[PDB]
Structures are given as structure tokens and as C-alpha cells.
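Below, each chain spelled out in residue letters.
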Amino acid sequence: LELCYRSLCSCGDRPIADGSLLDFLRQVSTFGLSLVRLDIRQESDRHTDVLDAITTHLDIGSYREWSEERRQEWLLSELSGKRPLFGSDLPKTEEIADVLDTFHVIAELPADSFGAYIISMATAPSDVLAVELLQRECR
Amino acid sequence: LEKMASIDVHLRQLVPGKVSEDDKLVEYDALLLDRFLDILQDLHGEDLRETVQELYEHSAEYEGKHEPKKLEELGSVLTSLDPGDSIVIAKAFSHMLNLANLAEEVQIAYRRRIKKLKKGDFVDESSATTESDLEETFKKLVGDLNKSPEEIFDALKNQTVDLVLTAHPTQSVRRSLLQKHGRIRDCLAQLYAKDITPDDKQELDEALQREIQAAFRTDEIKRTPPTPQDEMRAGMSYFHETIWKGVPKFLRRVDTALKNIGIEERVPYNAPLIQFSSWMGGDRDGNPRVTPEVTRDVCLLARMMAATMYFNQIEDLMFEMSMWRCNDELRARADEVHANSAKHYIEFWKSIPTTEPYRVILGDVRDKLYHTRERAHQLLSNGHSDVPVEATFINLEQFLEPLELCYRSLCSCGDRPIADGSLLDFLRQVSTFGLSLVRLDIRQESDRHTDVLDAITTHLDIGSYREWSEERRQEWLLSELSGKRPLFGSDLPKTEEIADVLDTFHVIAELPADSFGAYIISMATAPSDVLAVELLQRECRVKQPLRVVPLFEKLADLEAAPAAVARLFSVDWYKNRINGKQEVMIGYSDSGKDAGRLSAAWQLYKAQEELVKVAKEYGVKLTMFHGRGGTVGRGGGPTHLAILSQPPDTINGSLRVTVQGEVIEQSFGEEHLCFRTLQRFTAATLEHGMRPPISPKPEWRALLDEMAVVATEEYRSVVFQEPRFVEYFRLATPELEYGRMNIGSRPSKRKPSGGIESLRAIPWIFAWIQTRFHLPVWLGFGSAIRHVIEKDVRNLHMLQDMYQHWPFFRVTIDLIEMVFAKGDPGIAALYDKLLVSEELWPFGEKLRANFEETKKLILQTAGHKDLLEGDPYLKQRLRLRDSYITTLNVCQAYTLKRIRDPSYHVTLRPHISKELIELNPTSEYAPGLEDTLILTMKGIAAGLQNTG
Ligand SMILES: [Cl-]
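Rules used throughout
- Residues numbered from 1 in each chain as written, not as in the entry; some residues may be left out.
- Chains lettered and ligands numbered in written order.
- Part of a larger assembly, values for the part shown.
- Heavy atoms only, no water.
- Residues with missing side-chain atoms left out of burial classes, pairs and counts.
- Helix = DSSP H or I, 4+ residues; strand = E, 2+ residues; numbered from the N terminus.
- Rg over C-alpha atoms; globule rule 2.2 N^0.38 Å.
- Pairing = 2+ DSSP bridges.
- Axes fitted to C-alpha atoms, helices over the stretch in contact; angles between N-to-C directions.
- Contact = heavy atoms within 4.5 Å.
- Nonpolar A, V, L, I, M, F, W, Y, C, P; charged D, E, K, R; others polar.
- UniProt positions renumbered as here; feature names shortened; annotations may be inferred.
- Buried < 20%, exposed > 50% of the residue type's maximum accessible area, 1.4 Å probe, protein only.
- Expected span 1.5 Å × (residues − 1).
- 1 Å grid on protein atoms, 1.4 Å probe; cavity = no way out; pocket = protein on both sides within 12 Å on 5 of 7 lines; lining within 4 Å.
- Points joined across faces, edges and corners; volume = space filled by probe spheres on them.
- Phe/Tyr/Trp six-rings, centres within 6.5 Å; stacked < 30°, edge-to-face > 60°.
- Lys NZ or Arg CZ within 6 Å of the ring centre and 35° of its normal.
- Patch = residues over 30% accessible without salt bridge, like charges linked within 9 Å, V, L, I, M, F, W, Y side chains within 5 Å.
- Areas by Shrake-Rupley, 256 points an atom, 1.4 Å probe, with all protein chains shown as cover.
- Salt bridge = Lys/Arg side-chain N within 4 Å of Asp/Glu carboxyl O.
- Core = buried A, V, L, I, M, F, W, Y, C linked by side-chain atoms within 4.5 Å.
- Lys, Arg positive; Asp, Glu negative; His and termini not counted.
- Charge placed at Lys NZ, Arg CZ, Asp CG, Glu CD.
- Parallel < 35°, antiparallel > 145°, perpendicular 65-115°, else oblique.

Broken down by element type, chain B carries 38 helices and eight strands. A compact globule built from 948 residues would reach a C-alpha radius of gyration of about 30 Å, and chain B, at 29 Å, matches this within 12%. In terms of its C-alpha atoms, chain B occupies a principal-axis envelope of roughly 85 × 80 × 60 Å.

Let's shift gears to the overall build of chain A. If you tally the helices and strands in chain A, you get six helices and two strands. If you list the helices and strands of chain A from N to C, you get α-α-β-α-α-α-β-α. With respect to the three principal axes, the spread of C-alpha positions in chain A is 70 × 30 × 30 Å.

Another point: the sheet that holds strand β2 (residues 274-278) of chain B. Residues and elements named next belong to chain B. The strand order around the closed barrel formed by eight strands is β1-β2-β3-β4-β5-β6-β7-β8, and the pairing between neighbours is parallel. On average, each strand axis in the sheet is inclined to that of its neighbour by 25°, with strand direction left out of account. The sheet contact formed by strand β6 (residues 581-586) and strand β7 (residues 621-626) spans six bridges and is parallel. Bridging from a neighbouring strand, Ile-586 pairs with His-626 of β7.

This brings us to the interface of chain A and chain B. Taken together, the contact pairs nine residues of chain A with nine residues of chain B. For the side of chain A that touches chain B, the residue count by class is four nonpolar, two polar and three charged.

What follows deals with the UniProt feature "active site" in chain B. Residues and elements named next belong to chain B. What UniProt calls "active site" maps, in this numbering, to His-168 and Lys-593. The residue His-168 is located in the loop between β1 (160-165) and α7 (175-191) in this model. By the element assignment, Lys-593 lies in helix α22 (residues 588-595). In this view, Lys-593 contacts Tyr-715, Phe-720, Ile-756, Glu-757, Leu-759, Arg-760, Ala-761 and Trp-764; residues no more than four positions away in its chain are not counted.

Bringing the environment of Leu78(B) into the picture now. Residue and element names in this part refer to chain B. Take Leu-78: it is sitting in helix α3 (residues 68-79). The exposure class of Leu-78 is buried, given its relative accessible area of 5%. Not counting the four nearest positions on each side in its chain, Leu-78 is found in contact with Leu-55, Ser-86, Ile-89, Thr-887, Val-890 and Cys-891.

Attention now goes to helix α13 (residues 357-381) of chain B. For α13(B), built from 25 residues, the straight-helix expectation of 36 Å at 1.5 Å per residue is met to within 8% by its first-to-last C-alpha distance of 36 Å. Positive backbone phi, approximately 140°, marks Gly383(B), located one or two places after α13(B).

Looking now at empty space enclosed by the protein. Residue and element names in this part refer to chain B. Roughly 210 Å³ of internal volume is contained in the second largest cavity. Along the walls of the second largest cavity sit 19 residues, with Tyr-588, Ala-601, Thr-631, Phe-808 and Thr-812 positioned nearest its centre. Broken down by secondary-structure element, the contributors of at least two residues to the lining of the second largest cavity are α22, α23 (597-618) and α34 (807-821). Looking at the lining of the second largest cavity element by element, the count peaks at six residues for α23. In terms of residue class, the lining of the second largest cavity is built from ten nonpolar, eight polar and one charged.

Here we come to unusual backbone geometry. Residue and element names in this part refer to chain B. The backbone of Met-523 sits at a positive phi, close to 60°, despite the residue not being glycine. In this structure, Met-523 sits in the loop between β4 (516-522) and α19 (527-539). Owing to a relative accessible area of 18%, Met-523 belongs among the buried residues under this scheme. Although it is not a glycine, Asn-652 sits at a positive phi angle of roughly 55°. Within the secondary structure, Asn-652 is located in the loop between α24 (638-644) and β8 (654-659).

Aromatic rings in a pair are described by how distant their centres are and how their planes are angled relative to each other. Residues and elements named next belong to chain B. For the structure shown, the criterion picks out 54 aromatic pairs over all chains. Ring centres of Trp-244 and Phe-433 lie 5.3 Å apart, and the angle between their planes is 10°; this geometry places the pair in the stacked category. There is no split in this pair, since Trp-244 and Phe-433 are both buried. Both rings, one in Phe-276 and one in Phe-668, keep their centres 6.4 Å apart while their planes meet at 70°; by these two values the pair is edge-to-face. An identical accessibility class is assigned to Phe-276 and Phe-668; each is buried. Grouped by ring-pair contacts, the aromatic residues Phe-725, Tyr-728, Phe-729, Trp-764, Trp-768, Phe-773, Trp-778, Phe-820, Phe-843 and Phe-851 constitute a single cluster. If you follow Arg-366 out to its NZ or CZ, it ends over the ring of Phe-311, 3.9 Å from the centre. In this arrangement the basic side chain of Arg-656 is found over the ring face of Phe-625, its NZ or CZ atom lying 4.9 Å from the centre.

With that settled, consider a nonpolar patch on the surface. Residues and elements named next belong to chain A. A grouping of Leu-1, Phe-24 and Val-28 is seen on the molecular surface, where their side chains present a nonpolar patch of about 260 Å² in accessible area. The residue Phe-24 is located in helix α2 (residues 14-31) in this model. Among the residues examined, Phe-24 registers a relative accessible area of 43% and is labelled partly exposed.

Once that is clear, we can look at the nonpolar core. All names here are of chain B. Residues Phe-239, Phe-276, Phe-399, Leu-423 and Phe-668 are the most contacted members of the largest nonpolar core, which totals 147 residues. No other element matches helix α11 (residues 292-320), which puts twelve residues into this core. Excluding residues that lie within four positions of it along the chain, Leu-423 makes contacts with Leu-317, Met-321, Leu-403, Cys-406, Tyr-407 and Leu-410. Within the second largest apolar cluster, 136 residues are counted, among which are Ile-89, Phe-808, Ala-828 and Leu-944.

Here we take up a negative patch on the surface. There is a patch of like negative charges on the surface, built from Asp199(B), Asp200(B), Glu203(B) and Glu206(B). With respect to the element layout, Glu206(B) can be found in helix α8 (residues 198-216).

Bringing the side chain of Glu670(B) into the picture now. All names here are of chain B. Positionally, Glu-670 belongs in the loop between α25 (664-668) and α26 (671-690). Here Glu-670 sits buried without a salt bridge, and the closest side chain of opposite charge, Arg-185, lies 5.8 Å off (N-O distance). Those residues in contact with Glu-670, other than ones at most four positions away along the chain, are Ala-109, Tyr-110, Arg-185 and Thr-242.

Quick look at the pairing of β4(B) now. All names here are of chain B. Along β4, seven of the seven residues are buried, which leaves the element largely enclosed by surrounding structure. Pairing of strand β3 (residues 439-445) with β4 involves five bridges; the strand directions are parallel. Among the inter-strand pairings, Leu-440 is bridged to a residue of β4, identified as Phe-516. Pairing analysis gives four bridges linking β4 to strand β5 (residues 547-552), with the strands arranged parallel. Paired with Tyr-519 across the two strands is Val-548, which belongs to β5.

Let's shift gears to the packing of helix α20 (residues 555-569) of chain B against α23(B). All names here are of chain B. Contact geometry for α20 and α23: axes closest at 9 Å, N-to-C directions at 5°. Comparing their axes, α23 and α20 come out roughly parallel. Residues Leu-555, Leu-558, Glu-559, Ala-561, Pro-562, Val-565, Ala-566 and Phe-569 of α20 pack against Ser-599, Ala-600, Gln-603, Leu-604, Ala-607, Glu-610, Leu-611, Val-614, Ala-615 and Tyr-618 of α23. Residue composition of the contact of α20 with α23, grouped by class: 14 nonpolar, two polar and two charged.

As a further point, take the pattern of salt bridges. According to the stated counting rule, one finds 59 salt bridges over all chains in the structure shown. As a salt-bridge pair, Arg83(A) and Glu480(B) come within 2.4 Å of each other at their nearest N and O atoms. Of the two residues, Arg83(A) is situated in the loop between α4 (68-79) and α5 (94-107) and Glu480(B) in helix α17 (residues 470-481); the pairing between them involves two chains. The exposure class of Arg83(A) is buried, given its relative accessible area of 17%.

Residues and elements named next belong to chain B. Along the chain, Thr-932 turns up in helix α38 (residues 929-944). With a relative accessible area of 0%, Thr-932 lands in the buried category. Residues contacting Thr-932, with those up to four places away along its chain left out, are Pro-83, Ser-86, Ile-87, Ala-90, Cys-891 and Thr-895.

Another point: the packing of helix α33 (residues 795-805) of chain B against helix α36 (residues 841-862) of chain B. Residues and elements named next belong to chain B. Relative orientation of the contacting elements α33 and α36 amounts to 65°, with a least axis distance of 7 Å. Between α33 and α36, the interaxial angle falls into the category roughly perpendicular. Contacts between α33 and α36 involve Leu-796, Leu-799, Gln-800 and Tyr-803 from the first element and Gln-860, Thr-861 and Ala-862 from the second. The residue makeup of the contact of α33 with α36, split by class, is four nonpolar, three polar and no charged.

This part takes up the environment of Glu757(B). All names here are of chain B. Tracing the sequence through the fold places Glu-757 in the loop between α29 (735-740) and α30 (761-770). Expressed as a C-alpha distance, the spacing of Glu-757 and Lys-543, which sit 214 residues apart in the sequence, is 38 Å. With sequence-adjacent residues up to four places away left out, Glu-757 is seen in contact with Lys-593 and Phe-720.

Take a look at the structure:
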């Protein structure tokens, strides 16, 4: 389309180019390939549940009981690390399976489809960092 | 055309007497040779034929009296051939040798067994003419050992003989040419029916000639150095040739023999007495052509071949299964299956009525078999399918259940006889071949796994897994295998090699477990290698992981092996993962390359002893996997005693053996040959479990330990210490040419710049097989026997006692003697004269003296004056082959001088009638000297077959 527009303008057909063609380009740019971009939203407590099931599964303690500073420190060491975090061998409650499966769906779909991941009941940096880590470790 | 009268004369001079009274071998070979020479004359002219025949007669005179003048005459004729004539002569002699092998197979296959020729002891088990058949082995176990038939039957049900097909070290002959060889063998055989009509005999002769010409007029080069999938398709030929039909036939014969000692049952149809494993497409050790996709391909191809065969077989089964009376359960299944949509038998019945319930269930199974082939073909050809997995057979139980239902049902109605017909054969084929025919083993170097772990540990900044001591390696591997965190992801710097290893594991994880056997670590040395593979298997999400099998190759690896295995059993995680079963692999040829043949044989006996000690200490069922080069890897009769010779309790109802590519035709090409192969494997296994060879007298052990020390000293002092040996090896031997040419898919060296240590054992053996010298097999024996004889006058008597009463020693010596029969130092000398620098000639001379001395000593040990005094049948067949091989040797040697030395101009002779020179256009060497060389290699390889 930009090729058609450029070409038309080259030939002094800018008026023609500024008709249905310009409307089309603007619609492509505004609506993209999806019309809308879907935001995802989840409670922070669901992410805390997932991390606590992981830390319990690794016998490092309960991410839930950890102070915010300990949470932050662990989250930081993991986000900067080179080792993956968990596998199929992980006891997942129906809820924790919901959270992880949602991240897997996000990974298997085009980026043009998504906007923002929104943490309801956010209170501390560990909530945001938790989501960032789950995003990375869910590929 | 009284030309025939000549070849007859020469043939009878080659094999003077009769090895029995049904000895028609010289007749067979004369008949085939005459027809072939007439074909040669009709296609390439009277002069070409007269030349070829003069060459053959000279060669036969040589194999007779061994006058070097005969070699000078052969050479004189062969150098004066321009490349066209050289190709036609080499092709000619390759095909003539093939015909000799064919007449050999017929003779062996129809030789009447002489019940009066049995001596009564174990020596009888070294030749097919006096070995024990299945029933004779039952009677031996019952009489001499007073075992009850119930014990024999119970032993048999739980026994497994696992034959592993590997790629051929050279020309794994194309399936088409095998088919032709079959037609020739059959024509030969039928021509000698003592009741045949003249018109029948005429048409059979014309068919034989027709097929000899057909085989001669097929090219054996060009196209590609066949891809691993092609080599695998060619290896799977023997399932269609003989094995598919052969398994149910052998098992039924077992049933009869069990009946003949009072056992009323049959061998259970699901009992795995016979199993087939394959390396074709799975062994990647030093073979980059074998990729992950190669493994996926040969797995799917196997599933296709199996589904095809089951499909074709189940239609004859459907016609047989026309009964109506049935079990209540099977009637339920029939009404259930009758509720559905009949496409694969419109030629037979519009549809199948519920009054034929067996036919209903079977027709549904036929439908599922078709869908399995179609889905496997779509998976192979695309990568996806559209055939639902619920409409195919994904595991062997799905397949067996309806058939077992038919069998149970038939037996319920007193139709057990009907059930024991095509139905029983089918069940046994399902159980033996499974859904794949073969189970593919995977094999990789330990160093590749070490590379992967080192790249990981480097990527995690924990250090270099490579630099770590074995104890630190073990400790880290243990902490990780017991941990709950995955190890690595996509974010991992993978070299092309490391990507190959990981991708191979991913392919393994994405394929059915029925497809795989064992993961085999070449160059295993320490528990960390096995643990490394186990960890890579788990962290690559291989759901049902393979059994890990260490291949302890070098001598020090063998001494350290039982310590390693004990340490592995002593680890809790591994002990619970193996589920009480461990398989260890030994490579007779690999260890031979390391430390000589005698020292490797004795060290392998001792190492198996110690490994069984460990397995009993910890309560694990040990399974020894016998790699190539062994006593048990030979062809035919000798295998029987070789298996019987293994140290007590090393088998224990699970024999795993390599069927070498250079032997598979002699062991499975023909119906009788296959049956007797399966028989001697099953009988040898069964007997050895219950009647182990004698334990060696302590002086025998001490003597063999000393001999091993001296022998290793000589072998290593020659191969590794002599600086100019590597210079000689490159001249007197076509090893370099073998590495460059399109003969085997594998590189001959692991590191191109290394000496003999970096050379793989197969090109090591092959290089010296081509010159009829066989150094890798006998080197070291001479000085060892010399040593012990001089050390005490009486040690010779002890050696002779060992050869006559200790099976292991007898079979070892016997193998050496067989290899010497395929040897001729004079030809090795010809290679020296044409291809080796003058200042290196005495080197070869000394080596040949060793050759001679060793031969004499081996003879003295075996109590023989001539080689193979105890097996005149083999002596005969070998002599007959040698007359053809010798011409291919001389041709090979002069062709090598011609290739390496463009300054060696020869007085060529005029070309000899209509061509084959224009089938290799993109050759960097001469117009047909590369092809001539390749022909002589394939030919000599086929004539010498197996050594060590
Ligand atoms: Cl119809």
C-alpha cells in the first residue's frame, strides 16, 4: 500500500492517492491486523500462588511468607539467571494451571494481538517482577 | 568349445576330494562358471572371455601350489589392460566370486547331516555338519544333566535371543542383487532334483543363465554413496527374504521338539524368544551423515514396512478364519464392530457378515493396519498427518488384544487346531517383530555428551564440566538428576555438534518407545558418561527413557569397567531407574585395535566374569551385548560353540549379538540358513544357561595373563612404537584410498591428523584384509606362544590341553586359524613390491616372518599340521573363493601403482570388445581406474567376508 501511495505521488497523482487509498492506509495503521489489542488482567495473588507452589516445589521456602525484600532479591536473581525455572513435573492446582496456561497461550499468538498485562491489586514491585518472570519462563 | 574341460580340471584340482558323498560343490561352481563365461563371451567377445579364463586358471594354479611365477603371469596380463578392459575384468571376477558364494550357500543348505560323524563332546558344536539341533540339545540337557523337561520349557519361555543388524562395513549389496542371487540359488537347487523332466530342466537352465546375465548387467557404482535411509531399506531386505516367514516356522519347530520330550504346551505366542534390533539410522558415532532426521526417517520407514507386512498377511488370515462358533466375549466384539460405516476387500466380499465374527474382528484389524501405514507415510513425507491416532495401533497391546481374543475364543470352542494355524503364526509375528520389525539403538561418543555438559556448565558460570574430576562430575550429575529444576532452555549457545546431540534426544522424545532399544556410549570409561546420558535424556523430556549401555572399548576401560558398573549400581537413583536390568556392551574389534587380539579376548573373558560378580552382588540381571569381531559374530556353525564358550552366567537367558553386515547374507539369505541360524542361537543360549563351560584351571589363567602381557608388548611395539610403521601402513595397504572412496558412509579416522590411535577399528581391519595379510587379527600371538614355550618346555602341552578342553581358548585359536586360511603372505609381498619404498621392504619382510611364525605356532597349539584340519568343508569353500580373490588382489595392487604414480607408463593392449568406462564421468582419477579400484575392494571384501 505504501508502495502504491509513493508511486501515485511520484506521478503527481497525490490527489488520487489521498482518496480511498489514504483512508485504507489509515485504517491499516489504526486497526492493525486485529482492530483491537487485547489486554490481559490477573490478580497479583494468583501470581503469588504460582511462585509459592514453585518455591515449595524446589524446597527453597514459601515465596508467600517471604518479606517483600526477600521476594525482590529472589526474583532479581532469577530474572538475571540463565537456568529455566520449572517444567511439566510441577504440581499445579486448577488455578495455577490456569495462570501458566494463559501465559502459554500468550506465547503462541502474534504480538499484534496483545496490549498490556495488568495486575489487579498491585501493591509492591514484587508483583510486577513476578509477572515479568512468569512471562519469560513461559517462553 | 571344449573350454569347459579346462575349468573342470582346475576346479577339481582346487578341491581334490569329496567332503562327503553329497559333495556337489565343484559341480555347482563349474556349472555356474561355464554359464557365466558363455555370457561374458556373448556380451564382450571371444578375446575378452579367453583372457578372463586364462586369468582364472592361473589363479587356480596359484591357490594350488603357490608358485610366485603364477602371480607374475597374472600381473603381466593385468597391467597391459586399458581401463575399459580392467573394469570388465574386475567386474567379471567380482561376479564369479559371487557365484561361488551362491554355490556355497546351496551346498551348505542341502548337505545331509551325518549322525555317525559326531564325536560326543563339545567340539561337534563348531560345525553345522555335527552341531546339535534343537531336539538333540533337549536330549543332551535331559540325559547328561538330568534336567526335567519342565525346567527346559520354563528356561525357554523366559529366554530372549536379540539379533542386532548393523550397516555393512562396505557394499551392503542392493536388495535387487540379493533378489537375483536368490533366483540363481533356486535355479541351481532345482536343476539337481533327482526326478526332474527334460523340459523342466531345460527351462531351469535357461532361467539360470538369464539371471546370471541379469545380475552381470546391473551397475554396482554411480548414483550416490547411498543415504542412511537407503542403506537401511537395503538392510531390511532379509525380513521380506526369509525372516518374516522364518520366525513362525522356527517357533513351530520348537513346539514339535518340546512335544518330542513330553511337553504338552507350546511356547507362548507372546514370549520373545527372538527379537531384532537395528543400528541402521541410529549409530552416529563418527558418522555425520546420520542426523536426527535420519533417525526419524528410519523409525517411520520401519513402522511402514511392519504395517505393510501385517496388512498382506492378515488377508490370508481373514480367508482362513471362516468359523462361526465363538466365545461370548468375541461375539460381543463382533456385534460392536458391526456398528460402523469395508474398503479393503471389495474384491473378496461386499461386506463381512456377523455370522463370521472372527472375520469381522480381523477385518477391523486390517483396517487399523492400513491406517497405521498411511499415517506413518504421511508423517514421513510431510511432518504432520490428518489420520487420527485413535484409528491406528500406537502400542503393541492394542494390536495383540483382538488377536488374543480370537485365539482364546477359538480354543474355547475346541478349535485350538484352527487357532494354532495362520492365527498362531500371526500372533508370533506380532510378538517378535512388534510394530517396527526392529528396535533402533542410538549410539554416540561420550565426548559429545561431555561437550554438551561443558557448554551448559559454562553457560551457568559453574565451571567446566570437562575440567572437573570424575568425582566432581559424579557429584554434580547426581545433584541434578535428583533435582526438581530443569537444566537449560532455548537461550543456550549450541555448536553444530551440541545441537546435533540435543536434537537427537528431542527426536527420540517425539517418537514411540516401541521404536527404540538402547542408547550406547562409545568410548565409555566412567560412571559420569552413563549418568550424563541419563540426565540429557530426562532434561530433553524423553518420557520413557532408553536403557543406557556403556561400550567399554580400550583395555584399561575393560579393567576399570566392573568398578564403574559397581559404582553405578551403588547409586540410589540409577539403581531404581534401571529396574534391575543392566546391559553392557563389549567390542571385540575395538579392544583388538587397542591392545592386540589375544590380550583383548582374554581381557574380555575376565571382564565379563567380574561384571557378573557385580551384577550378583547388587541383584541386577546383566546382559552382555557382543559387538562386531567376536567369536559369536562368525557365520554358521562356529557361532554355536562360541556362545557355549561364554563364561558361566554371562548369558542367563538374554543373548544380544551383532549380526555383521559381511555375514548377514550367509546367515539369512536362504530359508535353511536362516532356520539353522535361529536354531543354533536358541539352542546355544538354552544350553549355556544350564550347562556352563568348564571353569579354567588356575595355571591356565596365569598362563593367559602372562601371554597377554607379552602379546600386548609386541602388538603395541609394532603398531604404535615403530615410527615408520605408519609410513608402511599407508603404502602396503589401501587405507587412504578406502578413506577417500565411496565404499562406506563413515570417516575412517576420528581426527584426520592422528596416527593409528585415531583410526577407527573397521578401516583398520579392512585395510589389512584387502592385502590378504590380516595383521590386526594374529599380531601378538606369535611372540606370546614363543614366550611361553621357551619359558617352560611343557607350556605347549598346557596350551594343547586348553585348546582341546577349554572352549573359550579353542574358539579363539580356531578363529585365528580360519583367518590364516584367508591369508597369503605372497600377495602381501606383491603389494610391497609395487607400492612400498625400497628402504621399507625389510620392514614388511620382518612382519611377514612373524605372520609365518605365528601360523606355525597356532598350528602347533591346535595340534594340526594344516590349517583347518578339523573343518575340511570350510577349507574347501575357502580354497574355492581364494582362486577368484587372488586375481582381484593382483588387479588391486597394479591399479594402486597406476593411480598413485602417473610416471608409471605401461604398454597397453588393444581394447577388448564393447560401454562400462562411461558410468563414472565426474572422476578426478583416470577414466576407469577409480571404478576398477572400487570393484576390487568390494570384491575382495565379499570374498574374505569376516575375520576379526
Ligand atoms: Cl459390490
